[PDB]
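K.L.:
Please see the structure below; I have some questions.
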Amino acid sequence: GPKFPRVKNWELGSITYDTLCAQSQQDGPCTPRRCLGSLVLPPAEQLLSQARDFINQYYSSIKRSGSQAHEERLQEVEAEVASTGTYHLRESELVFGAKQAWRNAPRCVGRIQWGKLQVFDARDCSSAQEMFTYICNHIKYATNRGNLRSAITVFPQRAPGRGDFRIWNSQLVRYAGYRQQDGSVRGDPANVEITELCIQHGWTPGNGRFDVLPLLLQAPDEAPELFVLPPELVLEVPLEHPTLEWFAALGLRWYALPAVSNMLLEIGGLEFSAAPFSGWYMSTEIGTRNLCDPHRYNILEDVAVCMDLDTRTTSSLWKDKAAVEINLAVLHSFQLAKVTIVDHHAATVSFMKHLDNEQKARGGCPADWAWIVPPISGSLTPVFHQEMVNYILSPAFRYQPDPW
Amino acid sequence: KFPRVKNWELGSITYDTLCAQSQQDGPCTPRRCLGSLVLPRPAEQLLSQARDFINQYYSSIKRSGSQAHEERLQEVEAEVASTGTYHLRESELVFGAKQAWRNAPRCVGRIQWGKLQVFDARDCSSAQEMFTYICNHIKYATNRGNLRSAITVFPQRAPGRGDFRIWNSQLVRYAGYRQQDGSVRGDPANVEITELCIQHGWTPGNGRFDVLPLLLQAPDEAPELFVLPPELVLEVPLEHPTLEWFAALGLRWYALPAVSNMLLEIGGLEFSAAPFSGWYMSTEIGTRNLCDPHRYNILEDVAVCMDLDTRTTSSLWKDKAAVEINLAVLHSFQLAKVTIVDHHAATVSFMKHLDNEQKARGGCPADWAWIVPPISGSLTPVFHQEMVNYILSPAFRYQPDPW
Ligand code: HEM
Ligand code: HEM
Ligand SMILES: Cc1cc(N)nc(CCc2cncc(CCc3cc(C)nc(N)c3)c2)c1
Ligand SMILES: Cc1cc(N)nc(CCc2cncc(CCc3cc(C)nc(N)c3)c2)c1
Ligand SMILES: C[C@H](O)[C@H](O)[C@H]1CNc2nc(N)[nH]c(=O)c2N1
Ligand SMILES: C[C@H](O)[C@H](O)[C@H]1CNc2nc(N)[nH]c(=O)c2N1
Ligand SMILES: [Zn+2]
């Protein structure tokens, strides 16, 4: 009947219809001819319509839709655009947009927490040194000695004919990856390029597998400046296994704070090129992807050898067994150290609760199935059996190309 | 126009040009992706699908634009112009069947696509005859545990009349008996088909692993019930390589995965009954069939036997039991000398298939959500591989349940 996508859960037999997708003003990469769902990378008039839409979202969310203050704010926005080509958000408009951008993020499984975000307003920042102060404050607040708190710091928006604020690092905490004489990599192969950029800009590098990178921070029309994070600020967790005693001997570790720093936060047509945001980890991020991806730390074989598994044949499931233990090491070590973490079962249960909340509140929830389903034990989690509709809503976080 | 397709593990890139051959729209639009949805929500027409297919066939035998190609195009035209339909030659049917498998985006086993035994059952005129054909197929495919891909093709759909149909979703399925207490003994996925069998006269067993009888339907007739001779249905008792108590769970599975409810479309003609079989990938049994909450749902039972801490999600007791259940499937099939493939071997060979199809055809339609296995996703190479999904013809299609 209903003229909207029907959405089914195949575990429970239950059906909903996504009406929220009607609100989408931006096209994805799919067409009736072909689905491109699995691809990782997909003027005054334009801005004004995006701005009007954002302001309407803001006044709806406070239930003052159509009211005098709403119409006056609309008028204020177009007058400002009419005379400068841009406009500026009020403090509470920014807080709302930031939460909404997180709420709208299709690839994030942690969205049950969306209303609980500390928005640090840093739109007064005017130097790379001050970005560093702001960032250090973010890290201290967010880390909270292991009791992690979601946060985002917002630096000044893109301006006509003026350079961007950029953090060059993809996260505020990353391990160095050192290209070796034998072609191999010591540390994190993901970070080879950023490591080499740091050295070029005068960083004296280490030679470990877990050297915390410095930050490369760029203020408008300036070369980026290098800043070392004081080690007492970067909380890390040494990895041990609850029953396999040798696991600690591997000297594996990971940091507490997952903090994305290279994404663009778009709100009502305004673009915040530097707006680092953080939460807490889902255990599979560390245990499965970071430690077991072949193009990352690639430790599966080492761990299976320690576990004395038959690594010569696929059908011993040595890969699956070792990956489980590594993931269990991640959970146990964070729990022991009292650093917030969530396992993939609890995270996905909570995402299902979030889907239900959003069905009631907005009549849908944009979600990217391939990213929501965890990289181990997929169908053991409830999200695997849940159909999802993926579409772009604004405010949004958006990928941006590296500035170098 | 042509999408770039990247492997994120290796950094390699291709471009899919094959997708331009799609003539059938899927469920997505620029406004929203519906790629995760399980189901989709005239003379000149048939003639053009028929032409294109015949063109595909003569192309495949490198006789494109020859005399035989010309005269065959004319036969099809002449037949459609007079009767509103036409008929395939056996070799064309064989080609079209292999192509529908090749073109199937949810299938991880497509490296095998050229190795398919095709039984022509288009001279079938009764449920009885359907049954004999089905028994031949099973015996052939099973081959004492050395499984061989096969398909049997029953008579095409005709505008005048009802369809030949196999009511069962697979040739071999375990019954699900709805109990007094609303629980299900056996397989919850097969409650409805079990009740239909009983209603049409089947005396039911009471076990967890009772092989269902077949309900076969010839055009515009009530379906008929046929019991498969137990000697034809190969089964594998499940035991564990080290965990001695597992064998006592009394668990088992059938050797032969044989889809019997899909429609095969070739050159515009529709084959409403066309059962096909290969061999299992171990996650289908070990993860989905035994571990789904709405299936046999044995996870907790296994975890408790393993004496795991089931009180909390963070002990990863589900992940651990799931791995052992999969191991037990692999080991038991190996022990019983019945063909099986694990999810690492299958996805590695699927990657090879992708490369083969890239050179052969300029692409390969693939549904990522179905190609990536249900456990240990990112541990297989397919996780890190971008995929383009689209509908090519010949094709297997979903069709409504006949009741
Ligand atoms: C509160 C705890 C959180 C958890 C457990 C969580 C979980 C996750 C996970 C597992 C992913 C996929 C990441 C990957 O596989 O690389 C993700 C993606 C994402 N999340 Fe969260 N998240 C949390 C908080 C946040 C916050 C605070 C924000 C921003 C305000 C956010 C926004 C995003 C965005 C934009 C993506 C997509 C990133 C990309 O495409 O690179 N999440 N989340
Ligand atoms: C040779 C061994 C084969 C293996 C290991 C294999 C593997 C698989 C797997 C794991 C699936 C997904 C099943 C699920 O999750 O329900 C699948 C789907 C499928 N396969 Fe295969 N396959 C094989 C042979 C075949 C053959 C012989 C055909 C037809 C001639 C075929 C056509 C299909 C089709 C049409 C689907 C999608 C069915 C649906 O949407 O329900 N495959 N395959
Ligand atoms: C706030 C937050 C919390 C959390 N638990 N995880 C994250 C994920 C961070 C993360 C880690 N590794 C990789 C990525 C993906 C980076 C990335 C790369 C490309 C090519 N396209 C994208 N859209 C995104 C993101 C963020
Ligand atoms: C030939 C073959 C070989 C193999 N190894 N596995 C299979 C899996 C068959 C199979 C088993 N259970 C369930 C399904 C899916 C059934 C199915 C159900 C619905 C609602 N829509 C669809 N498109 C498909 C398929 C087939
Ligand atoms: C090719 C595929 O789109 C890609 O590997 C995706 C799949 N799903 C993912 N899901 C999450 N959460 N994170 C990822 O990096 C990926 N990678
Ligand atoms: C909703 C979701 O698309 C659905 O659960 C799919 C996911 N991937 C799958 N993949 C395979 N191979 N088989 C399946 O049944 C499913 N189920
Ligand atoms: Zn799509």
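Letters for chains follow the order of the structure tokens (A, B, ...), residue numbers begin at 1 for each chain, and ligand numbers begin at 1 in the order shown.
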Set out as JSON lines a contact list for chain B and chain A with a cut-off of 8 Å, giving each residue of chain B that qualifies its closest atom pair and distance in Å to one decimal, counting only C-alpha atoms, ordered by chain and rising residue number.
P.N.:
{"residue": "B:5", "atom": "CA", "partner": "A:39", "partner_atom": "CA", "distance": 7.4}
{"residue": "B:6", "atom": "CA", "partner": "A:39", "partner_atom": "CA", "distance": 7.8}
{"residue": "B:9", "atom": "CA", "partner": "A:295", "partner_atom": "CA", "distance": 5.8}
{"residue": "B:10", "atom": "CA", "partner": "A:295", "partner_atom": "CA", "distance": 7.7}
{"residue": "B:19", "atom": "CA", "partner": "A:34", "partner_atom": "CA", "distance": 7.1}
{"residue": "B:22", "atom": "CA", "partner": "A:33", "partner_atom": "CA", "distance": 6.6}
{"residue": "B:23", "atom": "CA", "partner": "A:33", "partner_atom": "CA", "distance": 7.6}
{"residue": "B:24", "atom": "CA", "partner": "A:33", "partner_atom": "CA", "distance": 6.9}
{"residue": "B:25", "atom": "CA", "partner": "A:32", "partner_atom": "CA", "distance": 4.7}
{"residue": "B:26", "atom": "CA", "partner": "A:32", "partner_atom": "CA", "distance": 5.1}
{"residue": "B:27", "atom": "CA", "partner": "A:32", "partner_atom": "CA", "distance": 6.1}
{"residue": "B:28", "atom": "CA", "partner": "A:32", "partner_atom": "CA", "distance": 5.1}
{"residue": "B:29", "atom": "CA", "partner": "A:31", "partner_atom": "CA", "distance": 4.4}
{"residue": "B:30", "atom": "CA", "partner": "A:27", "partner_atom": "CA", "distance": 4.7}
{"residue": "B:31", "atom": "CA", "partner": "A:27", "partner_atom": "CA", "distance": 5.0}
{"residue": "B:32", "atom": "CA", "partner": "A:391", "partner_atom": "CA", "distance": 4.6}
{"residue": "B:33", "atom": "CA", "partner": "A:390", "partner_atom": "CA", "distance": 5.0}
{"residue": "B:34", "atom": "CA", "partner": "A:389", "partner_atom": "CA", "distance": 5.5}
{"residue": "B:35", "atom": "CA", "partner": "A:35", "partner_atom": "CA", "distance": 6.3}
{"residue": "B:36", "atom": "CA", "partner": "A:387", "partner_atom": "CA", "distance": 5.5}
{"residue": "B:37", "atom": "CA", "partner": "A:387", "partner_atom": "CA", "distance": 5.5}
{"residue": "B:38", "atom": "CA", "partner": "A:387", "partner_atom": "CA", "distance": 7.6}
{"residue": "B:41", "atom": "CA", "partner": "A:6", "partner_atom": "CA", "distance": 7.9}
{"residue": "B:287", "atom": "CA", "partner": "A:379", "partner_atom": "CA", "distance": 7.6}
{"residue": "B:288", "atom": "CA", "partner": "A:379", "partner_atom": "CA", "distance": 7.3}
{"residue": "B:291", "atom": "CA", "partner": "A:380", "partner_atom": "CA", "distance": 7.5}
{"residue": "B:292", "atom": "CA", "partner": "A:380", "partner_atom": "CA", "distance": 7.1}
{"residue": "B:293", "atom": "CA", "partner": "A:11", "partner_atom": "CA", "distance": 7.0}
{"residue": "B:294", "atom": "CA", "partner": "A:11", "partner_atom": "CA", "distance": 5.9}
{"residue": "B:313", "atom": "CA", "partner": "A:345", "partner_atom": "CA", "distance": 6.2}
{"residue": "B:314", "atom": "CA", "partner": "A:343", "partner_atom": "CA", "distance": 6.0}
{"residue": "B:315", "atom": "CA", "partner": "A:328", "partner_atom": "CA", "distance": 6.8}
{"residue": "B:316", "atom": "CA", "partner": "A:328", "partner_atom": "CA", "distance": 6.7}
{"residue": "B:318", "atom": "CA", "partner": "A:380", "partner_atom": "CA", "distance": 7.2}
{"residue": "B:319", "atom": "CA", "partner": "A:377", "partner_atom": "CA", "distance": 6.1}
{"residue": "B:320", "atom": "CA", "partner": "A:324", "partner_atom": "CA", "distance": 6.9}
{"residue": "B:323", "atom": "CA", "partner": "A:320", "partner_atom": "CA", "distance": 6.8}
{"residue": "B:327", "atom": "CA", "partner": "A:317", "partner_atom": "CA", "distance": 6.8}
{"residue": "B:330", "atom": "CA", "partner": "A:315", "partner_atom": "CA", "distance": 6.9}
{"residue": "B:342", "atom": "CA", "partner": "A:315", "partner_atom": "CA", "distance": 6.0}
{"residue": "B:344", "atom": "CA", "partner": "A:314", "partner_atom": "CA", "distance": 6.1}
{"residue": "B:345", "atom": "CA", "partner": "A:314", "partner_atom": "CA", "distance": 6.4}
{"residue": "B:368", "atom": "CA", "partner": "A:38", "partner_atom": "CA", "distance": 6.7}
{"residue": "B:369", "atom": "CA", "partner": "A:370", "partner_atom": "CA", "distance": 6.6}
{"residue": "B:373", "atom": "CA", "partner": "A:378", "partner_atom": "CA", "distance": 7.9}
{"residue": "B:374", "atom": "CA", "partner": "A:379", "partner_atom": "CA", "distance": 5.0}
{"residue": "B:375", "atom": "CA", "partner": "A:377", "partner_atom": "CA", "distance": 4.1}
{"residue": "B:376", "atom": "CA", "partner": "A:376", "partner_atom": "CA", "distance": 4.1}
{"residue": "B:377", "atom": "CA", "partner": "A:375", "partner_atom": "CA", "distance": 4.9}
{"residue": "B:378", "atom": "CA", "partner": "A:375", "partner_atom": "CA", "distance": 4.9}
{"residue": "B:379", "atom": "CA", "partner": "A:293", "partner_atom": "CA", "distance": 7.1}
{"residue": "B:386", "atom": "CA", "partner": "A:39", "partner_atom": "CA", "distance": 5.6}
{"residue": "B:387", "atom": "CA", "partner": "A:38", "partner_atom": "CA", "distance": 6.1}
{"residue": "B:388", "atom": "CA", "partner": "A:36", "partner_atom": "CA", "distance": 5.6}
{"residue": "B:389", "atom": "CA", "partner": "A:35", "partner_atom": "CA", "distance": 5.0}
{"residue": "B:390", "atom": "CA", "partner": "A:34", "partner_atom": "CA", "distance": 4.8}
{"residue": "B:391", "atom": "CA", "partner": "A:33", "partner_atom": "CA", "distance": 7.9}
K.L.:
Write out as number ranges by chain the residues lying within 8 Å of residue 142 in chain A, counting only C-alpha atoms and excluding same-chain residues fewer than 3 positions away.
P.N.:
A: 138-139, 148-151, 257, 278-279
K.L.:
Convert the current residue selection to file output with N, CA and C atoms, as a PDB file, in the first residue's frame.
P.N.:
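Result saved to again_30.pdb:
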ATOM      1  N   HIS A 138      39.720  19.031  24.159  1.00  0.00           N
ATOM      2  CA  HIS A 138      38.783  18.014  23.679  1.00  0.00           C
ATOM      3  C   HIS A 138      39.196  16.640  24.234  1.00  0.00           C
ATOM      4  N   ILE A 139      40.472  16.298  24.036  1.00  0.00           N
ATOM      5  CA  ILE A 139      40.987  14.989  24.417  1.00  0.00           C
ATOM      6  C   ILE A 139      40.868  14.763  25.924  1.00  0.00           C
ATOM      7  N   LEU A 148      34.718   7.495  29.058  1.00  0.00           N
ATOM      8  CA  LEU A 148      34.638   8.291  27.835  1.00  0.00           C
ATOM      9  C   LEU A 148      33.295   9.031  27.648  1.00  0.00           C
ATOM     10  N   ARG A 149      33.394  10.260  27.141  1.00  0.00           N
ATOM     11  CA  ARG A 149      32.258  11.117  26.853  1.00  0.00           C
ATOM     12  C   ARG A 149      32.328  11.576  25.388  1.00  0.00           C
ATOM     13  N   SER A 150      31.234  11.390  24.646  1.00  0.00           N
ATOM     14  CA  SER A 150      31.148  11.843  23.256  1.00  0.00           C
ATOM     15  C   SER A 150      31.312  13.352  23.156  1.00  0.00           C
ATOM     16  N   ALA A 151      32.068  13.805  22.159  1.00  0.00           N
ATOM     17  CA  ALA A 151      32.329  15.241  21.994  1.00  0.00           C
ATOM     18  C   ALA A 151      32.705  15.617  20.571  1.00  0.00           C
ATOM     19  N   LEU A 257      40.756   6.487  22.682  1.00  0.00           N
ATOM     20  CA  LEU A 257      39.850   7.515  22.133  1.00  0.00           C
ATOM     21  C   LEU A 257      39.787   7.484  20.634  1.00  0.00           C
ATOM     22  N   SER A 278      34.563  12.631  18.523  1.00  0.00           N
ATOM     23  CA  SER A 278      34.998  11.407  19.180  1.00  0.00           C
ATOM     24  C   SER A 278      33.876  10.731  19.950  1.00  0.00           C
ATOM     25  N   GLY A 279      34.027   9.418  20.148  1.00  0.00           N
ATOM     26  CA  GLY A 279      33.124   8.652  20.995  1.00  0.00           C
ATOM     27  C   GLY A 279      33.876   7.649  21.842  1.00  0.00           C
TER      28      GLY A 279
END
K.L.:
If you run DSSP on the backbone, which residues of range 155-379 of chain B are strand (DSSP E or B), as JSON, numbers by chain?
P.N.:
{"B": [165, 166, 170, 174, 176, 177, 178, 184, 185, 186, 211, 214, 215, 216, 217, 224, 225, 226, 235, 236, 237, 252, 253, 254, 258, 259, 263, 264, 265, 266, 269, 270, 271, 276, 277, 281, 341, 365]}
K.L.:
Would you compute the distance between atom 10 (C, counted along the ligand's line) of ligand 2 and CA of residue 8 in chain B? Give it in Å to one decimal.
P.N.:
22.8 Å
K.L.:
If you run DSSP over the backbone, which residues in range 180-211 of chain A end up helix (DSSP H, G or I)? Put them as a PyMOL selection string.
P.N.:
chain A and resi 189-200
K.L.:
List as a ChimeraX atom specification the protein and nucleic acid residues lying within 9 Å of ligand 1, with only C-alpha atoms and all ligand atoms counted.
P.N.:
/A:40-41,98-114,116-119,148-152,258-260,262-263,265,276-285,289,341-344,347,371-372,374-375,396-399
K.L.:
In Å to one decimal, how far is CA of residue 326 in chain A from CA of residue 303 in chain B?
P.N.:
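These atoms are spaced 18.9 Å apart.
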K.L.:
Between CA of residue 251 in chain A and CA of residue 172 in chain A, what distance in Å does the model show, to one decimal?
P.N.:
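Result for CA of residue 251 in chain A versus CA of residue 172 in chain A: 22.4 Å, one decimal.
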K.L.:
Skipping near chain neighbours, those fewer than 6 positions away, what residues fall within 9 Å of residue 224 in chain B using only C-alpha atoms, listed as a JSON list (two decimals) with C-alpha atoms, in the first residue's frame?
P.N.:
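In the end it all went to result_20.json:
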[["chain", "number", "residue", "atom", "x", "y", "z"],
["B", 127, "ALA", "CA", 3.48, -34.82, -11.24],
["B", 128, "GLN", "CA", 4.46, -38.53, -11.37],
["B", 200, "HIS", "CA", -2.52, -33.16, 1.47],
["B", 214, "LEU", "CA", 7.55, -33.36, -2.12],
["B", 215, "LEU", "CA", 4.37, -31.59, -3.24],
["B", 216, "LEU", "CA", 4.61, -31.48, -7.03],
["B", 217, "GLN", "CA", 2.14, -29.67, -9.26],
["B", 218, "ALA", "CA", 1.34, -30.15, -12.94]]
K.L.:
Near residue 3 in chain B, counting only C-alpha atoms, which residues have an atom at most 8 Å away, once you skip same-chain residues fewer than 6 positions from it, shown as a ChimeraX atom specification?
P.N.:
/B:15-17,388
